[PDB]
């Protein structure tokens, strides 16, 4: 019932980087772990409060497609311990490296399962990117890094605009990455152009870029997820149903 890991048990190691919040290092604790710490000399009451809140949210997650929360510590720095994922993110595999359709579908399915699970718990991700989707042992999708993210931002977010619908839009962009192998808006290299245009309602991902073997049901689902108006986007129960179905059919 209590997930406080007494300090001195955790052997922190090499730094990996910084996500939406905190900084992560590879660690040692009953095996490999990832350790996200807030490196400040002394946490301001704001930081201590937010720390308690997010931990309270993370301890409500138990699903194979959600990064495993394992525990937390408060001294000397506030820290959150998670499982260690082997391999790289979906971003690296898609954009920084040299997948067959069946794998692409399965990745989409696992991600939908995780998101569907989160939404049923009334949890909004707020920062879903292919960057946040770790392919553990290249076989299991692990969603992490909750709240450069401009590409995955819904039009209303670009202009509290966060909701289940904005998560769905981000998921739609991830589908676009899986089915095209590309990041959206390749012919636009200006950050403010995309911000203006996507926000203006003018610009949307180019669905003609999808692969030939990409199923039409997937293509339709993608277009539904990418609706400019938020209340026109599908919910994850319907999203999961469609993917899981088409994976068979």
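Take the two forms, find the largest set of C-alpha atoms that superpose within 1.5 Å, and that set is the rigid core. Numbering follows the first chain given and starts at 1.
**Q** With the rigid core held as the alignment frame, decide whether 52-60 or 208-216 lies farther from the shown form in 5 other deposited structures of this protein, in terms of RMS C-alpha distance.
**A** When 52-60 and 208-216 are compared in 5 other deposited structures of this protein, the bigger C-alpha shift is seen for 52-60.
**Q** Quick one: core-superposed, which stretch strays further from the shown model in 5 other deposited structures of this protein, 219-227 or 24-32? Go by RMS C-alpha distance.
**A** Farther on average in 5 other deposited structures of this protein: 24-32.
**Q** Can you check if, in at least a third of the other PDB entries compared, residue 147 has no modelled coordinates?
**A** Yes, residue 147 lacks coordinates in at least a third of the other compared entries that model both of its neighbours.
**Q** Count, per the entry, the deposited residues between residue 147 and residue 148 that are not modelled, and return the matching class: none, 1 to 3, 4 to 9, or 10 or more.
**A** Unresolved stretch here: 10 or more residues.
**Q** How many residues sit between residue 98 and residue 99 in the deposited sequence but have no coordinates: none, 1 to 3, 4 to 9, or 10 or more?
**A** In the record, 1 to 3 residues between residue 98 and residue 99 lack coordinates.
**Q** Report the stretch with the higher mean CA temperature factor, choosing between 108-116 and 69-77 on the basis of the entry.
**A** Looking at the recorded C-alpha B-factors, 69-77 comes out higher on average.
**Q** Which is higher on mean Cα B factor in this entry, 99-107 or 119-127?
**A** Result: 99-107.
**Q** Comparing recorded Cα B-factors across 211, 60, 219, 36, which one is largest?
**A** Most elevated C-alpha B-factor of the set, per the entry: 211.
**Q** Would you mind checking which of 32, 192, 224, 206 has the top Cα temperature factor in the PDB entry?
**A** So the option with the highest C-alpha B-factor is 192.
**Q** Hey, what third does residue 159 fall into on Cα B-factor, ranked over its chain?
**A** Highest third, going by the recorded CA B-factors of the chain.
**Q** By the recorded C-alpha temperature factor, relative to the other modelled residues in its chain, which third is residue 183 in?
**A** Its C-alpha B-factor belongs to the middle third of this chain's values.
**Q** According to the PDB entry, is the CA B factor of residue 10 in the bottom, middle or top third of its chain, that is, lowest, middle or highest?
**A** Residue 10: CA B-factor falls in the highest third of its chain.
**Q** Quick one: classify residue 83 as lowest, middle or highest third of the chain based on its Cα B-factor.
**A** Tercile = lowest for this residue's CA B-factor.
**Q** Going by the CA temperature factor in the PDB record, which third of the chain does residue 240 belong to: lowest, middle or highest?
**A** Lowest third - that is where residue 240 ends up once the chain's C-alpha B-factors are sorted.
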